[PDB]
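Student: Let me give you the complex in parts, starting here:
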Amino acid sequence: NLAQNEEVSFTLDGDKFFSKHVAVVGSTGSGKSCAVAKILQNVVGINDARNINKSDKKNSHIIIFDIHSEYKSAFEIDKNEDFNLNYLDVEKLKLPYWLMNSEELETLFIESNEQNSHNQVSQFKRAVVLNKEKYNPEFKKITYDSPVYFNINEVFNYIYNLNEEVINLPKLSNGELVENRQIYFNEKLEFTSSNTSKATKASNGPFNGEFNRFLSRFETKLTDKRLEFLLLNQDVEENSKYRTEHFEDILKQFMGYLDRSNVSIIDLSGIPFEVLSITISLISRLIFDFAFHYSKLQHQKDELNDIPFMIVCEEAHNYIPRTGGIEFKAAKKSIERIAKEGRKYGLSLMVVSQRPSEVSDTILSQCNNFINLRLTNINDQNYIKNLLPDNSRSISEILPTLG
Amino acid sequence: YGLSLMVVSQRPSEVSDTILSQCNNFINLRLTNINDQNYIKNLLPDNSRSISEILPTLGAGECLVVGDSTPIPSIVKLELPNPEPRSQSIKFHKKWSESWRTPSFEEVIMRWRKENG
Amino acid sequence: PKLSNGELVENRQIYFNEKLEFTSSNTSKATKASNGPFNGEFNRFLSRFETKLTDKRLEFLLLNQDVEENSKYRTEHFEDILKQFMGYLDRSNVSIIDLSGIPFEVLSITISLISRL
């Protein structure tokens, strides 16, 4: 209802509002979360804690990137009204680590708080691609960026075979002269000493004595409970139940199609600050790929997307900052991917934030609708007023005077 | 060498000045951004800086022409093209008014990889 | 440079045809080996370069010459190409260049190429 007159009903053009990006910024105390929740209940069909869409389930799609777990009650209703919510907390989230491109894998495993040693990134890359090839023989082209299943434990055991003491033709001190190195992944293995010689050379490995602390940090990662949502600890059966043929199931639970939930909250409260960007980028990349393939498949029949996706980004000033370090590179890349393109393939981003003066302009300059609440910071006011397509003596004077 | 430019932009304030200043003739439609207003005012010749104040008020289908080719600035009404230009954009609201429609979510994943990758 | 099999390479030009395996660094005198000036300095460069080559959405650039029949194109495959942009093949008077499906990170490069041509 209009602020000036409470009897007149105020309405917009819905087809021109959600189909394009919207920026939602403001300040604490003005109910910015209040406005977001009201718009969300209006669009999904929550009215007076009751679902209008009882008999039939409307095709409303929403995925939310939550960092507080302060939006669950915005859609948690009594069960009798049949409005299910796909609550994806840190515990229930299942994101395989083998659908993960080169940069993300390297940043997750290889990158450390120190300076890396030579011939470490290359060796790990070779181990991962070789294990991908070994586990997936059916697939023709297997590369470092190929999303195919592999075991991180086998790669660790390969790096655990740092201790080569018998070769600088194979000379391995397993059995007598074992040739194939594929047994490296199966077991940790034990070799003999260097105080011996034969027809060939029996001295230290070319990589000998250079991965030691890399094994220390790496195995520390392999036994991390906070990172349990990557299915990293593959020893347990449930972590190994998901395979290349199971890429289907892990993606339904993002779309909520496993439980036909119109709203899919992805609660990222327990995600470590070191792996948050990788998670955001992976989810964004897979959503964009799904939308791209889905749209391109339907061009043959001469119609566009049937299931549009709507993504909201709770305080996105963190992972797409205006200025920042290398921590949030992949998240920025993926959010830019869905920002610049996604109108063609059926994707819309309603980014929400508290500080719009600290969010990257490469994503803020593309929202065709804005709902800004009360502002207290002057640079916030100036930046918002400059970004707004229409501001003529009536929009530039109201931002601080809001209630 | 037979190359001249004509620029089409929603926000003239963001296009680099290295080209917009090279334009001699202008087709100015309705504008609602003060920065665009001022930037256009600055680039326009002084002969129309008085009539240039009408830019926030051009009705639908009306454009203001300023430059050398026209003898004097004028407001020209433009006839609709035939066939009309249309973009196959997706509007989200009607697709959200329908029931749940499964993608069958199999052939898309098959299309992810053309043969094997 | 010394190969793993021991054959010294006199011409580096063999690198073009295939990849080659080398020997290991040794501090002794009978088989002394030293790392090259560019040893291990292109690992991230190589990874990103393979990532760019293996992209399926960038097929218009014809980057996968190794397995596809994209090596057919030559210096001989030429100005009949140029006439496609400008429309002399079908005698089209309007050269519309749609760039909706082009991925965003290669849009500027393609625009620059067409403009310079």
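Tutor: Nice, I can see it. Residues are numbered from 1 along each chain as shown, chains lettered A, B, ... in the order given.
Student: Return the distance of the residue in the stretch 101-250 of chain A that chain C sits nearest to relative to chain B.
Tutor: In the stretch 101-250 of chain A, the residue that lies nearest chain C is residue A:206 (4.6 Å; Cβ to the nearest Cβ). For every residue, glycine as well, the C-beta is placed using N, CA and C. Separation of residue A:206 from chain B (Cβ to the nearest Cβ, to the nearest Å) stands at 32 Å.
Student: Repeat that for residue A:29.
Tutor: The span separating residue A:29 from chain B equals 29 Å under the rule Cβ to the nearest Cβ.
Student: Is that residue in a helix, a strand, or coil?
Tutor: coil (DSSP: H, G, I helix; E, B strand; the rest coil).
Student: looking at it, it is touching residue A:374, isn't it?
Tutor: Yes - proximity of residue A:29 to residue A:374 meets the contact threshold set by Cβ atoms under 8 Å, at 7.3 Å.
Student: out of these two, which sits in the more crowded spot?
Tutor: residue A:374 (17 against 9; other Cβ atoms under 10 Å in any protein chain shown).
Student: now the sequence for chain D, which goes on the structure above:
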Amino acid sequence: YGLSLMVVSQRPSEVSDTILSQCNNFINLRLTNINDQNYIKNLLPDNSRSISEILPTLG
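Tutor: Below is chain D, added to the chains above:
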């Protein structure tokens, strides 16, 4: 997280602007430096600019 700031200074033009802008309420005593008064005026909420002209006079 349960931590807040109540900033105290005599030269607001010298304190970094990226914390003073975080302050929501103000306790303004007499100010005699014009460069500080202009800053405190520009940082204040709009409803208080008219009443803020008392700062040089408060005693």
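Student: what number of residues lie near residue A:220?
Tutor: Other residues within reach of residue A:220, judged by other Cβ under 10 Å, total 9.
Student: Apart from its neighbours in sequence, what residue is nearest the residue of chain A found nearest chain D?
Tutor: Nearest residue of chain A to chain D, counting by Cβ to the nearest Cβ: residue A:400, 4.7 Å away. Leaving aside its chain neighbours, residue A:400 sits nearest to residue D:46 (4.7 Å; criterion: Cβ to Cβ, 6 or more residues apart in numbering or on different chains).
Student: right, and the one you found touches residue A:401 too?
Tutor: Yes - counting by Cβ under 8 Å, residue D:46 touches residue A:401, with 6.1 Å between them.
Student: how much space is there between the closest residue to residue B:45 other than its chain neighbours and residue C:58?
Tutor: Using Cβ to Cβ, 6+ apart and skipping residues adjacent in sequence, the residue nearest residue B:45 is residue B:66, 6.7 Å away. As judged by Cβ to Cβ, to the nearest Å, residue B:66 and residue C:58 stand 43 Å apart.
Student: include chain E as well:
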Amino acid sequence: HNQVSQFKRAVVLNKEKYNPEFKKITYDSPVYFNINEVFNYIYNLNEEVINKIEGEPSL
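Tutor: Following on from the chains above, chain E is added here:
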């Protein structure tokens, strides 16, 4: 740059040696690291001499 790298390396080494139980020994970790042997570590790096006699490895 070399000073920063050497100092952080020495601090990490001392922190790891004196705190074996902790795993993610980082340069910001609030664990004990004595400065006398860090200064000594810089001293010995500044005065180290490598042996290049043939046969034995260069240590």
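Student: Go back to the neighbour count of residue A:220, now with chain E?
Tutor: Per other Cβ under 10 Å, the neighbour tally for residue A:220 reads 11.
Student: residue contacts, residue E:38?
Tutor: Residues near residue E:38 by Cβ atoms under 8 Å, 6 or more residues apart in numbering or on different chains: E:7, E:10, E:11, E:14.
Student: whoops, I mixed them up, residue A:98
Tutor: Here residue A:98 is in contact with A:132, A:147, A:148, A:149, A:150 (Cβ under 8 Å, 6+ apart).
Student: How many residues are close by the fourth one?
Tutor: If I follow you right, that is residue A:149. 20.
Student: Ignoring the adjacent residues along the chain, who's closest to residue E:52?
Tutor: Leaving aside its chain neighbours, residue E:52 sits nearest to residue E:58 (5.6 Å; criterion: Cβ to Cβ, 6+ apart).
Student: no, scratch that, I was asking about residue B:111
Tutor: residue A:293 (4.7 Å).
Student: Residue B:108 is in contact with that neighbour, correct?
Tutor: Yes - using Cβ under 8 Å, residue A:293 is in contact with residue B:108, at 4.9 Å.
Student: quick one: which of these two has more around it?
Tutor: For residue A:293 versus residue B:108, neighbours defined as other Cβ under 10 Å are more numerous around residue B:108 (21 against 18).
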